[PDB]
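Scroll down for the structure; my scribbles are underneath it.
Basis: the model, the stated rules and, where named, an outside source; these are not laboratory values. Cβ atoms come from the backbone with ideal geometry, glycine included; neighbour counts cover every protein chain shown.
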Amino acid sequence: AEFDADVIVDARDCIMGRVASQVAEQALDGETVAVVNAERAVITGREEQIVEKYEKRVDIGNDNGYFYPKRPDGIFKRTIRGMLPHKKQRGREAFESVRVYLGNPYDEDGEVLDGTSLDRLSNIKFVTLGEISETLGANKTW
Amino acid sequence: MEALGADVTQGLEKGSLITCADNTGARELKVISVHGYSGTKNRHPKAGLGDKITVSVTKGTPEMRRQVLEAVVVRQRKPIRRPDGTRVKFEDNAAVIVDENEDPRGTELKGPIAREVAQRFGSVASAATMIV
Amino acid sequence: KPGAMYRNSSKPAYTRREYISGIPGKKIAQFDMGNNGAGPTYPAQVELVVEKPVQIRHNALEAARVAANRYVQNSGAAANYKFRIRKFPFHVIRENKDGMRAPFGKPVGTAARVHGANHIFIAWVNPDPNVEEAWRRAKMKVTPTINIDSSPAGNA
Amino acid sequence: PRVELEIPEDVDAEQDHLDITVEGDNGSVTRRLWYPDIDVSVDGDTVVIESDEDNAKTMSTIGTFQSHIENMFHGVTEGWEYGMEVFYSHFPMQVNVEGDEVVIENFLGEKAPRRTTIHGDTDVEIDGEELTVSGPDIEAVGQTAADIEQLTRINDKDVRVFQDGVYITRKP
Amino acid sequence: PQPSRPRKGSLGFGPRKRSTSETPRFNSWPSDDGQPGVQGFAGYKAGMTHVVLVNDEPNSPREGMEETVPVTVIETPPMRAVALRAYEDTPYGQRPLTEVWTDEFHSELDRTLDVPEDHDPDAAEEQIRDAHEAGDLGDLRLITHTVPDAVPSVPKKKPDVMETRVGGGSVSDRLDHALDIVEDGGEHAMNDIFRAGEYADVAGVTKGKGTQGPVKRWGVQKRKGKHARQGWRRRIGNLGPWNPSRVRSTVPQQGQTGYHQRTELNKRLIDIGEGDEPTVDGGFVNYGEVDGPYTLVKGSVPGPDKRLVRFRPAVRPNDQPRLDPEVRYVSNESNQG
RNA sequence: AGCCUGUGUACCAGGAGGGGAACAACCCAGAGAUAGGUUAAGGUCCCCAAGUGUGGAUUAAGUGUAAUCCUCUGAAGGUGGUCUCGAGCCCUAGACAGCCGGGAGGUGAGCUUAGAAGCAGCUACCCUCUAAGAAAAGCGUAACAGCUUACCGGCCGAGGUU
RNA sequence: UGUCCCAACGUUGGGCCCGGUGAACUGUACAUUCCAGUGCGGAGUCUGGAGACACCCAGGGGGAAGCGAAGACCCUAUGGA
RNA sequence: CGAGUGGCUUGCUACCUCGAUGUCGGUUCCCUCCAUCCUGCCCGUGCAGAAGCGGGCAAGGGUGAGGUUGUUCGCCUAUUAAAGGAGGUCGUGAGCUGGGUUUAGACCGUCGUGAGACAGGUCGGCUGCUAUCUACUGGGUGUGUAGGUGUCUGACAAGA
RNA sequence: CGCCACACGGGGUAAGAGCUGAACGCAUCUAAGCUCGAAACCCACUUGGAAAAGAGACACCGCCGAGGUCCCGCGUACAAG
Ligand SMILES: *C(=O)[C@H](Cc1ccccc1)NC(=O)CCCCCN
Ligand SMILES: [Cl-]
Ligand SMILES: [Cl-]
Ligand SMILES: [Cl-]
Ligand SMILES: [Cl-]
Ligand SMILES: [Cl-]
Ligand SMILES: [Cl-]
Ligand SMILES: [Cl-]
Ligand SMILES: [K+]
Ligand SMILES: [Mg+2]
Ligand SMILES: [Mg+2]
Ligand SMILES: [Mg+2]
Ligand SMILES: [Mg+2]
Ligand SMILES: [Mg+2]
Ligand SMILES: [Mg+2]
Ligand SMILES: [Mg+2]
Ligand SMILES: [Mg+2]
Ligand SMILES: [Mg+2]
Ligand SMILES: [Mg+2]
Ligand SMILES: [Mg+2]
Ligand SMILES: [Mg+2]
Ligand SMILES: [Mg+2]
Ligand SMILES: [Mg+2]
Ligand SMILES: [Mg+2]
Ligand SMILES: [Mg+2]
Ligand SMILES: [Mg+2]
Ligand SMILES: [Mg+2]
Ligand SMILES: [Mg+2]
Ligand SMILES: [Mg+2]
Ligand SMILES: [Mg+2]
Ligand SMILES: [Mg+2]
Ligand SMILES: [Mg+2]
Ligand SMILES: [Mg+2]
Ligand SMILES: [Mg+2]
Ligand SMILES: [Mg+2]
Ligand code: NA
Ligand code: NA
Ligand code: NA
Ligand code: NA
Ligand code: NA
Ligand code: NA
Ligand code: NA
Ligand code: NA
Ligand code: NA
Ligand code: NA
Ligand code: NA
Ligand code: NA
Ligand code: NA
Ligand code: NA
Ligand code: NA
Ligand code: NA
Ligand code: NA
Ligand code: NA
Ligand code: NA
Ligand code: NA
Ligand code: NA
Ligand code: NA
């Protein structure tokens, strides 16, 4: 609720990894970022294999635990955390100044970062984070 | 199989020595297995009223002795519950030697039989003197 | 025993029968097949070329040869063609069958050393290459990958 | 590459985005035609399928898009029809259309009715031991015909002996 | 060879720790089929007796015949829906929106809540209808409580409060149905929700047994034969293999057993009456005398005598309802002897 | 064999510092202290200093993002998955495929055989009509019939085939 | 005939809480770990990730190749008996 | 005949431990693998049916009781849908057992002049420790979120 | 040892059965698209779960008083707590 984001990024039809890499770099530069429409973010590849990887991550675990997100919400956030030294003071600060959202709770329409957009007209092998979450068992709350 | 129409607490195990309630020449029977039954680790296979059990003859006529035959449990000391909640128990444990078709190998059944055994083995029942 | 044990040419040449005794006989039946009465006076000449230097036990030679010639009876027992296996198993091979003590093994067989690009087999046929098939079956029973090569034959 | 399909006088074909719709006296069929770098557009009197690439995979889809469109043309005018024949040896098989699904009863004596739901605007008119599956959407019709046949599939016993079932008699 | 064998106890009811609320909390509600109606009710366990019934089962070779059936008597006096809570659908699931309270409160509801002295029913109601206009309205439930004072055998007067979902026709129709119930005084009864012969799911916090060993808590064997005389009688063989070198949470160990919540499925409601017809001679041991609104549940119900139990229309029934079974005899014989 | 035992050399042992995720001997590098600068190996999407660099092409498997290696497997064998280069032959005198039509008679050849008629077996395999059509390449029949290959013509229209 | 099927309830002394009395074993350091990898090839501490708010009570002993004993087996010593 | 995969057997090597990492088997209790014995869904058949045989996907669940033997293994009996195999320091002795192996006593056979020897047989022959850390099962006290009562939500976690 | 309760059904797949369909005019279950299809997967159902550091939501009461602890009589609870 209420997040003074210095930047609002729209993930719709963008390559999650390429967005994250840039959101990571900016948060470490002191920027407060908000990723919007996570559910509509995309990742290239053969859906069958992609899903296997994420399903494996869900299954992995033990008493110590391996909490892996299923909602496109966290999936995206965990992706970013993997690009930050989240256990260091600086890293945790940067990570905590970044939040991912389902849809867009803001008024402004986020901006699209360069080199992160995927042309649906010249690409058929890719998937939606939302599709992944539905496969994982998430509750489509979007 | 068909519902006995009564709940049973198996009062017998593999190895139990019971009475042969018929005139086949077999007096004592030793339970070896219970038809259609599979137990669980360390559990002694159990048998009660209305079960078809494989058996061996411990006592009786030389020709009948040592033979491995099939039979049906007709009576057991351990109580059984009937639909109206009443419990029913007998004076001893007994079984009647049967064949492939489940027809008594003998001609006459000695002692009473539980009514429930009828709803399963007709020819055994229709050979009963007393059916409690 | 597996070819894994003797297919490599990493050991010294060991062929001096004047210093080695008890060498098993070869299982290879013949080297000249078909019409050996006639000389290579045929239109077509196909060859099976080994693509890697390897050692081929007389075991595989016999199996490779039989599988090919036995099949070349798509032409008949007295068919018009001649088949040649030009290599001979000169390399004596041992086995250490005590543990690693006094391990010089004892003679257990023989193998032929073939260098990549040599032809092990050579057939001579009239435009009737059933031989090309006799070979798909032959390089099936020898360690290396192989090249089926046709020399005199512009009748494609 | 580029191919041009002159649309039939009897038909009108509109398309926005990756969806093409074809309407004729016999109906309307809308399809999604999505493939990397292949543009499908209605240029007045002709539908155009074109792409800047010519690799095998591309040509394959182009040809596929074409037949898909022509098939739509045909379905909105002449339509598509599959003819089927119910057949039984001992048990009189009863095939009826109830709702949006064809039901089959007494198959090989079965007490439980076997059924299948019809696809789209496909009409399954049954007359005696003859069935006629028809509609403007070849996809839908073709499946409904198939499903009907599949519905009598048997794996348990020798098919050569137990031949009962409904079969596709005439393919369009 | 080592014969196979299922693990000891289920791993689906853990962790096996003490329950947070002695008052059960359903985590599932029936489907919105019939007319609008509160999807649950509550009462207090009293004890057990048996009843003779006429075989109701149409598929039983005994249909129509006498039959002894075990029954747990549960005092089910009326309850009171004191408010209507509204949830809204959001990107993070359902969240409470607002509530519609009343003014008529049971004399002792202040023993648990800080009863409302100033509330705006209409504003709440407005906020809800606007939500519904916008289509963000999530299911509707009623804040409910019991009247223990109505049950003499139960020492407590402090009411037990729980939220129960309202499933009905349309959202608009059941929204209204809710408000109606609440506005009155919320006073409703077992009759209004269940009919004898239907199947219900009963929830409750089991009888507590404090700490117990593996044998009793998980069903592991006792040391056998000679092993039972060496110094170990009720301890498992080992906490695990050498590797992984840690004790896995899956190995049966000592701890809290009992006093856990349990939702026992498909319980048939043999009868819903009022009076002292089901009471036993001498009184229900460690409970008291029954003489008021009651329910006869087939078989057993989790929890001890006096504990609050909850009813809910079966969410996954196996059989079709066979209404109002004929009860030929209810035993009142002393439970002492 | 991260085996045993030689040999030449450089290294570890007794060798820091940079790189290699970690890691005696792999790469750079041999090093007094302090300071500025430029490189080496290696690296430049983030973690992480430096490119989401440029021209072009391939790959759809997450292949791969793995110099060396006990450590990084993947083989014989196979692939109308796809891209590229070459050779031969056929083609607007209409090719390749498909669809339509034709596939005729002497004559169901002779021989054998009750029988045999394209087609059990044996021999032969001739000439007529014609724009084609075997003394029949494959099914089929008890033997016929029937169904098709060869062969010709039409429709079609551009590359095709090895 | 409770050795077993298959375990239950009970008795007494402990155990648990309180007053009083009051040791020993053991301790390079650090230490909330888990999964993998690596390493003299059997890591709480290296590397990568994952998990992890602190303190305390009871428990049964998975790990610390747990504590205890300069291996009693085997070999070696120009050892001993 | 050729090419491989595994790391359960057996062998090789002598890298690790001789200021000790407690043996075999069994037992108890937990997790896992799939090269699937049963069960689900399938393909072929020398598939009429019934009963099978062979193959594919598939590890959710199940795979049990007994007679000889210390046995692992294995042989045998009756049941069974089936009574699969394998990894976890040949899982599991700060858990049990102690039948075998493998101390000191003794006997037999064989070998030796003898002491005495013999994966030959045989009778008898011991099982230590009060948990510091860590791990987990359960139970509390505090702090953080930042006054209280009551009711909820559900990121995730467990299930056969 | 007694008694009660413990689904079905959706969704997506594997093997497999097919549809439409091209590269390759034909053919083709596959290349793009699609219909089905396992005790397996996801949901459903049960249990835990504001320490989820984005550390939550709602209603009412209260900030000089709401509520709570201690206290007393007791257990539907319990080794201390
Ligand atoms: C043979 O395996 C020896 C037998 C033996 C040796 C000495 C005395 C009596 C029996 N057994 C052992 O060497 C066991 C060693 C135990 C080492 C444990 N760390
Ligand atoms: Cl986990
Ligand atoms: Cl970090
Ligand atoms: Cl693509
Ligand atoms: Cl048995
Ligand atoms: Cl035990
Ligand atoms: Cl130097
Ligand atoms: Cl990947
Ligand atoms: K040692
Ligand atoms: Mg046992
Ligand atoms: Mg059959
Ligand atoms: Mg003892
Ligand atoms: Mg009583
Ligand atoms: Mg009585
Ligand atoms: Mg040195
Ligand atoms: Mg940088
Ligand atoms: Mg890879
Ligand atoms: Mg390499
Ligand atoms: Mg770490
Ligand atoms: Mg020593
Ligand atoms: Mg000694
Ligand atoms: Mg001496
Ligand atoms: Mg130890
Ligand atoms: Mg498999
Ligand atoms: Mg499993
Ligand atoms: Mg072991
Ligand atoms: Mg084991
Ligand atoms: Mg241990
Ligand atoms: Mg010990
Ligand atoms: Mg101890
Ligand atoms: Mg002993
Ligand atoms: Mg002994
Ligand atoms: Mg010895
Ligand atoms: Mg002994
Ligand atoms: Mg703090
Ligand atoms: Na990707
Ligand atoms: Na996980
Ligand atoms: Na020797
Ligand atoms: Na080869
Ligand atoms: Na003891
Ligand atoms: Na004892
Ligand atoms: Na151990
Ligand atoms: Na040096
Ligand atoms: Na380094
Ligand atoms: Na990869
Ligand atoms: Na006892
Ligand atoms: Na321990
Ligand atoms: Na191997
Ligand atoms: Na040591
Ligand atoms: Na053991
Ligand atoms: Na399984
Ligand atoms: Na045995
Ligand atoms: Na060990
Ligand atoms: Na042991
Ligand atoms: Na011991
Ligand atoms: Na399914
Ligand atoms: Na909180």
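I'd like to check which strands (runs of 3 or more DSSP E) are fully inside region C:40-100 and have at least 1 residues that are within 16 Å of ligand 38 (Cβ to nearest atom). Can you show your working first?
Details: elements: C:44-50, C:54-57, C:82-85, C:91-95.
Answer list for region C:40-100: none.
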Restrict the check to region B:31-39 and report whether at least one residue is touching a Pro at 6+ places or on another chain (Cβ under 6 Å) and either crowded, with 18+ Cβ neighbours inside 10 Å or among the basic types (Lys, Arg) (or both).
-> yes
Note down all Cβ pairs under 6 Å where the first residue falls in region D:48-63 and is within 19 Å of D:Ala13 (Cβ to Cβ), the second is among the charged types (D, E, K, R), and they're at least six residues apart or on different chains.
-> D:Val48/D:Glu4; D:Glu50/D:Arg2; D:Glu50/D:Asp39
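Matching residues to (1) within 23 Å of the chain's Cα centre (by Cα); (2) within 18 Å of D:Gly120 (Cβ to Cβ):
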{"residue": "D:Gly24", "(1), (2)": "yes, yes"}
{"residue": "D:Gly27", "(1), (2)": "yes, yes"}
{"residue": "D:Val42", "(1), (2)": "no, no"}
{"residue": "D:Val47", "(1), (2)": "yes, no"}
{"residue": "D:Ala56", "(1), (2)": "no, no"}
{"residue": "D:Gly83", "(1), (2)": "yes, no"}
{"residue": "D:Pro92", "(1), (2)": "no, no"}
Need at least 2 residues that are assigned by CATH to the domain that holds D:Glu149 per element, so show me which strands (runs of 3 or more DSSP E) inside region D:1-112 make the cut, counting only ones lying wholly within it.
-> D:80-87, D:94-97, D:101-105
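I'd like the full set of residues that are more than 14 Å from chain E (Cβ to nearest Cβ) and in a helix (DSSP H, G or I), limited to region B:99-122.
Of all residues in region B:99-122, those more than 14 Å from chain E (Cβ to nearest Cβ) come to B:99-114, B:117, B:121-122.
Within region B:99-122, B:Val117, B:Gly122 qualify.
Could you pull out the residue among A:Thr79, A:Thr44, A:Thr135 that is more than 11 Å from RNA strand H (Cβ to nearest atom) and either under 30 Å from D:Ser51 (Cα atoms) or not hydroxyl-bearing (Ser, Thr, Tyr) (or both)? Break it down stepwise before answering.
Working: A:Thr79 fails: either under 30 Å from D:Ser51 (Cα atoms) or not hydroxyl-bearing (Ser, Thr, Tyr) (or both); A:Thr135 fails: either under 30 Å from D:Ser51 (Cα atoms) or not hydroxyl-bearing (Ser, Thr, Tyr) (or both).
Matching residue, one of A:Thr79, A:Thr44, A:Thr135: A:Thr44.
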List the pairs whose first member sits in region E:222-236 and is away from ligand 40 (no atom under 12 Å from the Cβ), whose second member is outside any loop (DSSP other than H, G, I, E, B) and hydrophobic (A, V, I, L, M, F, W, C), and whose Cβ atoms are under 6 Å apart, counting only residues at least 6 apart or on separate chains?
-> E:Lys222/E:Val215; E:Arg234/E:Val215
Out of the residues in region A:109-132 that are in a helix (DSSP H, G or I) and among the aliphatic types (A, V, I, L, M), which is farthest from the other protein chains (Cβ to nearest Cβ)?
-> A:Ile132
Taking region B:34-88 and keeping residues more than 15 Å from RNA strand G (Cβ to nearest atom), polar (S, T, N, Q) and over 17 Å from B:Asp99 (Cα atoms) leaves B:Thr58, B:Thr61, B:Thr86
Just to be sure, is D:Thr122 more than 16 Å from ligand 40 (Cβ to nearest atom) and closer than 27 Å to D:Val42 by Cα?
-> yes
State all residues of region E:219-235 that are under 18 Å from B:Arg43 (Cβ atoms) and more than 11 Å from ligand 6 (Cβ to nearest atom); if no residue qualifies, say none.
-> E:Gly219
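When you check A:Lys56 against the structure, is it of a type in the set (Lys, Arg), in contact with a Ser or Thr (Cβ under 9 Å, 6 or more places away or on another chain) and exposed (fewer than 11 other Cβ atoms within 10 Å of the Cβ), yes or no?
So A:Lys56 does not fit the description; no.
May I ask you to list the residues in region D:138-172 that are in a loop (DSSP other than H, G, I, E, B) and in contact with a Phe, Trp or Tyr (Cβ under 8 Å, 6 or more places away or on another chain)? Even if it seems obvious, please write down each step before you answer.
Narrowing region D:138-172 to residues in a loop (DSSP other than H, G, I, E, B): D:151-164, D:171-172.
Within region D:138-172, D:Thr152, D:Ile154, D:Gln163, D:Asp164, D:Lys171, D:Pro172 meet the criteria.
Among the strands (runs of 3 or more DSSP E) lying completely within region E:260-337, list those that include at least 1 residues that are exposed (fewer than 14 other Cβ atoms within 10 Å of the Cβ).
Values: elements: E:261-275, E:292-298, E:308-313, E:327-330.
Correct list: E:261-275, E:327-330.
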When you scan region D:29-86, how many residues do you find that are under 30 Å from D:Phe107 (Cα atoms) and of a type in the set (A, V, I, L, M, F, W, C)?
-> 3
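Would you pick out the residues in region A:57-76 that are more than 14 Å from chain E (Cβ to nearest Cβ) and more than 9 Å from ligand 37 (Cβ to nearest atom)? Working first, answer last.
Taking region A:57-76 as the starting set, the residues that turn out to be more than 14 Å from chain E (Cβ to nearest Cβ) are A:57-60, A:66-68, A:75.
If the condition is that a residue be more than 14 Å from chain E (Cβ to nearest Cβ) and more than 9 Å from ligand 37 (Cβ to nearest atom), then A:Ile75 is the only one that fits.
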Among the residues of region E:201-227, count how many are more than 14 Å from chain B (Cβ to nearest Cβ) and either of a type outside the set (S, T, N, Q) or within 16 Å of ligand 37 (Cβ to nearest atom) (or both).
-> 16
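Can you find, within region A:133-142, the residue that is nearest to A:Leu102 (Cα to Cα) among those that are within 14 Å of another protein chain (Cβ to nearest Cβ) and either among the polar types (S, T, N, Q) or out of contact with any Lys or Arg (no Cβ under 7 Å at 6 or more places or on another chain) (or both)? Reasoning before the result, please.
Step one: filter region A:133-142 for residues within 14 Å of another protein chain (Cβ to nearest Cβ), giving A:133, A:138-142.
Restricting the remaining residues to those that are either among the polar types (S, T, N, Q) or out of contact with any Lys or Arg (no Cβ under 7 Å at 6 or more places or on another chain) (or both) gives A:133, A:139-142.
Working: A:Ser133: 12, A:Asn139: 12, A:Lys140: 10, A:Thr141: 9, A:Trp142: 7 Å.
Checked region A:133-142; the qualifying residue nearest to A:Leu102 (Cα to Cα) is A:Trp142.
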Name the single residue, out of those in region E:77-123 being among the polar types (S, T, N, Q) and surrounded by 17 or more Cβ atoms within 10 Å (Cβ to Cβ), that is farthest from E:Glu133 (Cα to Cα).
-> E:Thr102
Is it true that some residue in region B:85-98 is within 14 Å of chain E (Cβ to nearest Cβ), over 30 Å from E:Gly225 (Cβ atoms) and either within 16 Å of ligand 5 (Cβ to nearest atom) or part of a strand (DSSP E or B) (or both)?
-> yes
Near pairs, Cβ below 9 angstrom, 6+ apart or cross-chain, from region B:65-82 (on the phi > 0 side of the Ramachandran plot) to any residue that is part of a strand (DSSP E or B) and surrounded by 17 or more Cβ atoms within 10 Å (Cβ to Cβ) = B:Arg66/B:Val57
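Can you give me the number of residues within region C:36-53 that are more than 19 Å from the chain's Cα centre (by Cα) and surrounded by 13 or more Cβ atoms within 10 Å (Cβ to Cβ)? Break it down into steps so the answer makes sense when it comes.
First pass over region C:36-53, keeping only residues more than 19 Å from the chain's Cα centre (by Cα): C:37-44.
Checking the rest, the ones that are also surrounded by 13 or more Cβ atoms within 10 Å (Cβ to Cβ) come to C:42-44.
Residues that pass the stated criteria total 3.
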Here are some conditions: (1) under 17 Å from A:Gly17 (Cβ atoms); (2) within 12 Å of chain E (Cβ to nearest Cβ); (3) more than 16 Å from ligand 36 (Cβ to nearest atom). A:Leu84 meets all but one. Which one does it not meet?
-> (2)
Of everything in region E:48-68 that's within 29 Å of the chain's Cα centre (by Cα) and polar (S, T, N, Q), which residue is nearest to the other protein chains (Cβ to nearest Cβ)?
-> E:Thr68
